[PDB]
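A.B. asks: experimental structure and sequence below, a few questions after.
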Amino acid sequence: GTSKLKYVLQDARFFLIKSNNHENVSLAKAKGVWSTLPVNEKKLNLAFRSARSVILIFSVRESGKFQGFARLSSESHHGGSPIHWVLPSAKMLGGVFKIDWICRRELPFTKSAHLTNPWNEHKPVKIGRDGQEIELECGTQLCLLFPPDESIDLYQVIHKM
Ligand SMILES: CNC(=O)c1cccc2[nH]ccc12
């Protein structure tokens, strides 16, 4: 069904996360973690305190698709085990956010062409810098476009809200 998904997304905030490669998204899916540059780390930490759910929607640059979406389960922290990200230095990154995946399935950009993001000049929602916020209605509809991910049980995520 889609009812628990809709509940998780109610009054959520949404951020576009652009990865330079598939390896980092694979690491994020396997380990439930993300790290971004401090400019975006500060925005995500502010959002985490401000809303019931903060949703990261992932797209690997040049792939023509989104690779899934996840919900922040924590503000960023430092001092964990070093994550072997593939970078173009690791010190340049901010802290590490724990995330709970909501959907690990892909969605091609051709399927989101009817969705524009008011917070990026009403450009198609696929267009945006890493960290671009997606307005609530556009973000909800985008997440609802993804194929259902039957491996996921949102019961435990609902309890974190
Ligand atoms: C896992 N985090 C990243 O891959 C990342 C996040 C934000 C800016 C970035 N610039 C180069 C890599 C990168």
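C.D. replies: On my side now, so go ahead. Numbers count the residues shown, from 1 in each chain.

A.B. asks: excluding its backbone neighbours, what's nearest the most centrally placed residue in the chain?
C.D. replies: Nearest to the mean C-alpha position of the chain, by CA atoms, centre = their mean, lies residue 56 at 1.4 Å. In space, and not counting its chain neighbours, residue 56 is closest to residue 17: 4.7 Å by CB to CB, 6 or more residues apart in numbering. The way it works is simple: take the backbone N, C-alpha and C, and place the C-beta from them, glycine included.

A.B. asks: partners of that neighbour in the sheet?
C.D. replies: Assessed by DSSP bridges, residue 17 has beta-bridge partners residue 58.

A.B. asks: distance-wise, check it relative to residue 145.
C.D. replies: Applying CB to CB, to the nearest Å, the value for residue 17 to residue 145 is 17 Å.

A.B. asks: between these two, who's got more neighbours?
C.D. replies: Set side by side, residue 17 and residue 145 show more neighbours around residue 17, with 26 against 15, by other CB atoms under 10 Å.
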